[PDB]
file model32.tsv (TSV, N, CA and C atoms)
chain	number	residue	atom	x	y	z
P	1	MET	N	-13.48	-17.13	15.99
P	1	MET	CA	-12.46	-17.39	14.94
P	1	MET	C	-13.07	-18.12	13.75
P	2	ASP	N	-13.74	-17.36	12.88
P	2	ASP	CA	-14.37	-17.93	11.70
P	2	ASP	C	-13.34	-18.58	10.79
P	3	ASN	N	-13.80	-19.46	9.92
P	3	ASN	CA	-12.93	-20.16	8.99
P	3	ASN	C	-12.21	-19.18	8.06
P	4	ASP	N	-12.79	-18.00	7.90
P	4	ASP	CA	-12.21	-16.97	7.04
P	4	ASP	C	-10.85	-16.51	7.57
P	5	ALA	N	-10.62	-16.74	8.86
P	5	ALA	CA	-9.37	-16.34	9.49
P	5	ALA	C	-8.36	-17.49	9.49
P	6	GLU	N	-8.52	-18.43	8.56
P	6	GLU	CA	-7.63	-19.57	8.46
P	6	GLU	C	-6.55	-19.35	7.42
P	7	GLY	N	-6.34	-18.09	7.09
P	7	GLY	CA	-5.34	-17.72	6.11
P	7	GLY	C	-5.55	-18.41	4.77
P	8	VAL	N	-6.80	-18.51	4.35
P	8	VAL	CA	-7.13	-19.15	3.09
P	8	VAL	C	-6.48	-18.42	1.91
P	9	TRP	N	-6.21	-17.14	2.11
P	9	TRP	CA	-5.59	-16.33	1.07
P	9	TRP	C	-4.13	-16.73	0.86
P	10	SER	N	-3.70	-16.73	-0.40
P	10	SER	CA	-2.32	-17.10	-0.73
P	10	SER	C	-1.33	-16.15	-0.06
P	11	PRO	N	-0.18	-16.67	0.40
P	11	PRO	CA	0.85	-15.86	1.06
P	11	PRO	C	1.57	-14.93	0.10
P	12	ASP	N	1.51	-15.26	-1.19
P	12	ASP	CA	2.16	-14.45	-2.21
P	12	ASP	C	1.44	-13.13	-2.41
P	13	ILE	N	0.16	-13.11	-2.06
P	13	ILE	CA	-0.65	-11.91	-2.20
P	13	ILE	C	-0.35	-10.94	-1.06
P	14	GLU	N	-0.32	-11.48	0.14
P	14	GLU	CA	-0.03	-10.69	1.32
P	14	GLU	C	1.42	-10.23	1.30
P	15	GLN	N	2.25	-10.98	0.58
P	15	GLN	CA	3.66	-10.65	0.46
P	15	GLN	C	3.86	-9.49	-0.49
P	16	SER	N	3.12	-9.53	-1.59
P	16	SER	CA	3.19	-8.47	-2.59
P	16	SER	C	2.66	-7.17	-2.01
P	17	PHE	N	1.84	-7.28	-0.96
P	17	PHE	CA	1.27	-6.12	-0.31
P	17	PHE	C	2.33	-5.35	0.47
P	18	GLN	N	3.18	-6.09	1.16
P	18	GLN	CA	4.25	-5.48	1.93
P	18	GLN	C	5.28	-4.85	1.00
P	19	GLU	N	5.43	-5.44	-0.17
P	19	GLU	CA	6.37	-4.94	-1.15
P	19	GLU	C	5.92	-3.59	-1.69
P	20	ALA	N	4.62	-3.41	-1.77
P	20	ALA	CA	4.06	-2.16	-2.25
P	20	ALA	C	3.99	-1.14	-1.12
P	21	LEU	N	3.81	-1.65	0.09
P	21	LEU	CA	3.74	-0.80	1.27
P	21	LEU	C	5.14	-0.45	1.75
P	22	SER	N	6.08	-1.35	1.48
P	22	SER	CA	7.47	-1.14	1.87
P	22	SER	C	8.14	-0.18	0.90
P	23	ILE	N	7.74	-0.28	-0.36
P	23	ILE	CA	8.28	0.58	-1.40
P	23	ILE	C	7.63	1.95	-1.36
P	24	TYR	N	6.34	1.96	-1.04
P	24	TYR	CA	5.57	3.19	-0.95
P	24	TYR	C	5.07	3.42	0.47
P	25	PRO	N	5.91	4.03	1.33
P	25	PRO	CA	5.55	4.31	2.71
P	25	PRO	C	4.78	5.62	2.86
P	26	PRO	N	4.30	5.92	4.07
P	26	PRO	CA	3.53	7.15	4.34
P	26	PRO	C	4.39	8.41	4.23
P	27	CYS	N	5.70	8.23	4.14
P	27	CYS	CA	6.62	9.35	4.03
P	27	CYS	C	7.86	8.97	3.23
P	28	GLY	N	8.72	9.95	2.97
P	28	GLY	CA	9.93	9.70	2.22
P	28	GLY	C	10.03	10.54	0.97
P	29	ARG	N	8.90	10.71	0.28
P	29	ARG	CA	8.86	11.50	-0.93
P	29	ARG	C	7.43	11.95	-1.24
P	30	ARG	N	7.27	13.24	-1.53
P	30	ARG	CA	5.97	13.80	-1.84
P	30	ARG	C	6.07	14.83	-2.96
P	31	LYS	N	5.99	14.36	-4.20
P	31	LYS	CA	6.07	15.23	-5.36
P	31	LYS	C	5.28	14.66	-6.53
P	32	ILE	N	4.74	15.54	-7.36
P	32	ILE	CA	3.96	15.13	-8.51
P	32	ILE	C	3.87	16.24	-9.55
P	33	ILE	N	4.89	16.33	-10.41
P	33	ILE	CA	4.94	17.34	-11.44
P	33	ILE	C	3.99	17.00	-12.59
P	34	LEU	N	2.70	17.25	-12.39
P	34	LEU	CA	1.70	16.97	-13.40
P	34	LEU	C	1.75	18.00	-14.52
P	35	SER	N	2.25	19.19	-14.20
P	35	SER	CA	2.35	20.27	-15.18
P	35	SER	C	3.23	19.85	-16.36
P	36	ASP	N	4.09	18.87	-16.13
P	36	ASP	CA	4.99	18.38	-17.17
P	36	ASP	C	4.43	17.12	-17.83
P	37	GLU	N	4.35	16.04	-17.05
P	37	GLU	CA	3.84	14.77	-17.56
P	37	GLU	C	2.36	14.87	-17.90
P	38	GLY	N	1.63	15.61	-17.09
P	38	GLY	CA	0.20	15.77	-17.32
P	38	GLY	C	-0.55	14.45	-17.29
P	39	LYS	N	0.07	13.43	-16.71
P	39	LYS	CA	-0.54	12.13	-16.59
P	39	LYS	C	-0.10	11.46	-15.30
P	40	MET	N	-0.88	11.68	-14.25
P	40	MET	CA	-0.60	11.11	-12.95
P	40	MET	C	-1.90	10.85	-12.19
P	41	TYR	N	-2.48	9.68	-12.42
P	41	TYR	CA	-3.72	9.29	-11.77
P	41	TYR	C	-3.50	9.05	-10.28
P	42	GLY	N	-4.55	8.60	-9.59
P	42	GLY	CA	-4.44	8.34	-8.17
P	42	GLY	C	-3.28	7.43	-7.82
P	43	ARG	N	-2.58	7.75	-6.73
P	43	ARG	CA	-1.44	6.97	-6.30
P	43	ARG	C	-1.81	5.51	-6.07
P	44	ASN	N	-3.08	5.28	-5.75
P	44	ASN	CA	-3.58	3.93	-5.51
P	44	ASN	C	-3.27	3.01	-6.68
P	45	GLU	N	-3.18	3.59	-7.87
P	45	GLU	CA	-2.88	2.84	-9.07
P	45	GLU	C	-1.41	2.42	-9.10
P	46	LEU	N	-0.58	3.14	-8.35
P	46	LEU	CA	0.84	2.85	-8.29
P	46	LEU	C	1.12	1.65	-7.41
P	47	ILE	N	0.33	1.50	-6.36
P	47	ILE	CA	0.50	0.38	-5.44
P	47	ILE	C	-0.11	-0.88	-6.04
P	48	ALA	N	-1.17	-0.71	-6.81
P	48	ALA	CA	-1.84	-1.82	-7.45
P	48	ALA	C	-1.04	-2.30	-8.65
P	49	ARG	N	-0.30	-1.38	-9.26
P	49	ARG	CA	0.53	-1.71	-10.41
P	49	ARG	C	1.69	-2.59	-9.98
P	50	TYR	N	2.12	-2.41	-8.73
P	50	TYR	CA	3.21	-3.20	-8.19
P	50	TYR	C	2.79	-4.64	-8.01
P	51	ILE	N	1.70	-4.82	-7.29
P	51	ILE	CA	1.17	-6.15	-7.04
P	51	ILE	C	0.79	-6.83	-8.34
P	52	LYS	N	0.43	-6.03	-9.34
P	52	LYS	CA	0.06	-6.55	-10.64
P	52	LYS	C	1.28	-7.07	-11.39
P	53	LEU	N	2.43	-6.49	-11.08
P	53	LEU	CA	3.68	-6.88	-11.71
P	53	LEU	C	4.33	-8.06	-10.98
P	54	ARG	N	3.90	-8.30	-9.75
P	54	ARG	CA	4.44	-9.39	-8.94
P	54	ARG	C	4.36	-10.72	-9.67
P	55	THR	N	3.15	-11.11	-10.03
P	55	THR	CA	2.91	-12.36	-10.73
P	55	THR	C	1.54	-12.36	-11.40
P	56	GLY	N	1.08	-11.18	-11.80
P	56	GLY	CA	-0.22	-11.08	-12.45
P	56	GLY	C	-1.37	-11.48	-11.54
P	57	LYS	N	-1.09	-11.59	-10.24
P	57	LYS	CA	-2.11	-11.97	-9.27
P	57	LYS	C	-3.04	-10.80	-8.99
P	58	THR	N	-3.91	-10.96	-7.99
P	58	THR	CA	-4.85	-9.92	-7.61
P	58	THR	C	-4.15	-8.57	-7.49
P	59	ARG	N	-4.93	-7.50	-7.35
P	59	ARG	CA	-4.38	-6.17	-7.21
P	59	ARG	C	-5.36	-5.26	-6.48
P	60	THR	N	-5.59	-5.56	-5.22
P	60	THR	CA	-6.50	-4.78	-4.39
P	60	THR	C	-6.00	-3.35	-4.26
P	61	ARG	N	-6.91	-2.39	-4.30
P	61	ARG	CA	-6.55	-0.98	-4.18
P	61	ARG	C	-7.02	-0.41	-2.86
P	62	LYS	N	-8.21	-0.82	-2.44
P	62	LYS	CA	-8.78	-0.35	-1.19
P	62	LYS	C	-8.06	-0.96	0.00
P	63	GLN	N	-7.55	-2.17	-0.19
P	63	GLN	CA	-6.84	-2.87	0.86
P	63	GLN	C	-5.42	-2.33	1.00
P	64	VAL	N	-4.86	-1.88	-0.12
P	64	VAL	CA	-3.52	-1.33	-0.13
P	64	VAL	C	-3.51	0.11	0.37
P	65	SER	N	-4.66	0.76	0.33
P	65	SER	CA	-4.78	2.13	0.80
P	65	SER	C	-5.02	2.13	2.30
P	66	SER	N	-5.74	1.13	2.75
P	66	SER	CA	-6.05	0.97	4.16
P	66	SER	C	-4.80	0.59	4.94
P	67	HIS	N	-3.93	-0.16	4.28
P	67	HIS	CA	-2.68	-0.61	4.90
P	67	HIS	C	-1.73	0.56	5.11
P	68	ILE	N	-1.74	1.50	4.18
P	68	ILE	CA	-0.88	2.67	4.27
P	68	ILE	C	-1.37	3.62	5.35
P	69	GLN	N	-2.67	3.61	5.58
P	69	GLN	CA	-3.28	4.46	6.59
P	69	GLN	C	-2.96	3.94	7.98
P	70	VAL	N	-2.75	2.64	8.08
P	70	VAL	CA	-2.43	2.01	9.35
P	70	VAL	C	-1.02	2.37	9.80
P	71	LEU	N	-0.15	2.61	8.83
P	71	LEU	CA	1.24	2.96	9.11
P	71	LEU	C	1.32	4.37	9.70
P	72	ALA	N	0.37	5.21	9.32
P	72	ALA	CA	0.33	6.58	9.81
P	72	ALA	C	-0.06	6.61	11.28
P	73	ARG	N	-0.81	5.61	11.70
P	73	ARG	CA	-1.26	5.51	13.08
P	73	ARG	C	-0.09	5.18	14.00
P	74	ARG	N	0.90	4.48	13.46
P	74	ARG	CA	2.08	4.10	14.22
P	74	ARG	C	2.94	5.31	14.54
P	75	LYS	N	2.91	6.29	13.64
P	75	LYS	CA	3.68	7.51	13.81
P	75	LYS	C	3.00	8.46	14.79
P	76	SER	N	1.69	8.35	14.89
P	76	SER	CA	0.91	9.19	15.79
P	76	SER	C	1.18	8.85	17.25
P	77	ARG	N	1.77	7.68	17.49
P	77	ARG	CA	2.07	7.24	18.84
P	77	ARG	C	3.47	7.70	19.28
P	78	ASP	N	4.00	8.71	18.60
P	78	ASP	CA	5.32	9.23	18.93
P	78	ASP	C	5.22	10.44	19.86
P	79	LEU	N	4.13	10.51	20.62
P	79	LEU	CA	3.93	11.62	21.54
P	79	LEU	C	4.98	11.61	22.65
P	80	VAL	N	6.04	12.40	22.45
P	80	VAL	CA	7.11	12.48	23.43
P	80	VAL	C	6.59	12.94	24.79
P	81	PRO	N	6.56	12.04	25.79
P	81	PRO	CA	6.07	12.37	27.13
P	81	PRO	C	6.99	13.35	27.87
P	82	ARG	N	8.19	13.55	27.33
P	82	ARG	CA	9.16	14.45	27.94
P	82	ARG	C	9.52	14.00	29.35

call {"tool": "encode", "arguments": {"input": "model32.tsv", "output": "structure tokens"}}
result
Amino acid sequence: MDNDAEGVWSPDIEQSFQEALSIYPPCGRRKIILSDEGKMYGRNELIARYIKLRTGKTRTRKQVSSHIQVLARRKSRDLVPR
């Protein structure tokens, strides 16, 4: 249990993460009409934009992408044993 696991990170950061992960889940909506707007960069920028609007605090993108991938693993455990 290194000192790094002492929750040195602010709780407002980890909180803003759930807000972006809660707002942007692994499912619910999948559309991107680029033919019209012609301006739609990586979705990772959408999750980072949220945390950036929280309080101008950090805005991790790789950490917010990894968190969304973890949610997909929870759905994979829905193997109906019948």

call {"tool": "closest_residue", "arguments": {"input": "model32.tsv", "among": "P:32, P:40, P:46, P:51", "to": "residue 16 of chain P", "atoms": "only N, CA and C atoms"}}
result
P:51

call {"tool": "select_by_dssp", "arguments": {"input": "model32.tsv", "residues": "chain P", "states": "alpha helix (DSSP H)", "output": "PyMOL selection string"}}
result
chain P and resi 11-23+34-37+44-55+62-75

call {"tool": "atom_distance", "arguments": {"input": "model32.tsv", "atom1": "atom CA of residue 26 of chain P", "atom2": "atom CA of residue 65 of chain P"}}
result
10.3 Å

call {"tool": "residues_around", "arguments": {"input": "model32.tsv", "residues": "segment 20-22 of chain P", "least_positions_apart": "6", "cutoff": "8 Å", "atoms": "only N, CA and C atoms", "output": "number ranges by chain"}}
result
P: 46-48, 50-51, 64, 67-68

call {"tool": "atom_distance", "arguments": {"input": "model32.tsv", "atom1": "atom CA of residue 15 of chain P", "atom2": "atom N of residue 1 of chain P"}}
result
24.0 Å

call {"tool": "build_atoms", "arguments": {"input": "model32.tsv", "residues": "segment 1-16 of chain P", "atoms": "N, CA, C and O atoms", "output": "short mmCIF file (atom, residue, chain, number, x, y, z; two decimals), keeping the file's coordinate frame"}}
result
data_model
loop_
_atom_site.label_atom_id
_atom_site.label_comp_id
_atom_site.auth_asym_id
_atom_site.auth_seq_id
_atom_site.Cartn_x
_atom_site.Cartn_y
_atom_site.Cartn_z
N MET P 1 -13.48 -17.13 15.99
CA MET P 1 -12.46 -17.39 14.94
C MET P 1 -13.07 -18.12 13.75
O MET P 1 -12.94 -19.34 13.61
N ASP P 2 -13.74 -17.36 12.88
CA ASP P 2 -14.37 -17.93 11.70
C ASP P 2 -13.34 -18.58 10.79
O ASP P 2 -12.14 -18.29 10.88
N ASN P 3 -13.80 -19.46 9.92
CA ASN P 3 -12.93 -20.16 8.99
C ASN P 3 -12.21 -19.18 8.06
O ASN P 3 -11.16 -19.49 7.50
N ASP P 4 -12.79 -18.00 7.90
CA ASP P 4 -12.21 -16.97 7.04
C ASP P 4 -10.85 -16.51 7.57
O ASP P 4 -10.04 -15.97 6.83
N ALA P 5 -10.62 -16.74 8.86
CA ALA P 5 -9.37 -16.34 9.49
C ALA P 5 -8.36 -17.49 9.49
O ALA P 5 -7.45 -17.53 10.32
N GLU P 6 -8.52 -18.43 8.56
CA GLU P 6 -7.63 -19.57 8.46
C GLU P 6 -6.55 -19.35 7.42
O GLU P 6 -5.92 -20.29 6.93
N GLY P 7 -6.34 -18.09 7.09
CA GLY P 7 -5.34 -17.72 6.11
C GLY P 7 -5.55 -18.41 4.77
O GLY P 7 -4.59 -18.84 4.14
N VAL P 8 -6.80 -18.51 4.35
CA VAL P 8 -7.13 -19.15 3.09
C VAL P 8 -6.48 -18.42 1.91
O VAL P 8 -6.23 -19.01 0.86
N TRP P 9 -6.21 -17.14 2.11
CA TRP P 9 -5.59 -16.33 1.07
C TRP P 9 -4.13 -16.73 0.86
O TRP P 9 -3.41 -17.02 1.82
N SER P 10 -3.70 -16.73 -0.40
CA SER P 10 -2.32 -17.10 -0.73
C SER P 10 -1.33 -16.15 -0.06
O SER P 10 -1.59 -14.95 0.06
N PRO P 11 -0.18 -16.67 0.40
CA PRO P 11 0.85 -15.86 1.06
C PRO P 11 1.57 -14.93 0.10
O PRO P 11 2.17 -13.93 0.51
N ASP P 12 1.51 -15.26 -1.19
CA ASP P 12 2.16 -14.45 -2.21
C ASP P 12 1.44 -13.13 -2.41
O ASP P 12 2.03 -12.14 -2.85
N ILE P 13 0.16 -13.11 -2.06
CA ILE P 13 -0.65 -11.91 -2.20
C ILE P 13 -0.35 -10.94 -1.06
O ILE P 13 -0.14 -9.75 -1.28
N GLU P 14 -0.32 -11.48 0.14
CA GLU P 14 -0.03 -10.69 1.32
C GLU P 14 1.42 -10.23 1.30
O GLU P 14 1.78 -9.22 1.91
N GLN P 15 2.25 -10.98 0.58
CA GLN P 15 3.66 -10.65 0.46
C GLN P 15 3.86 -9.49 -0.49
O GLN P 15 4.65 -8.58 -0.23
N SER P 16 3.12 -9.53 -1.59
CA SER P 16 3.19 -8.47 -2.59
C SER P 16 2.66 -7.17 -2.01
O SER P 16 2.98 -6.08 -2.49
#
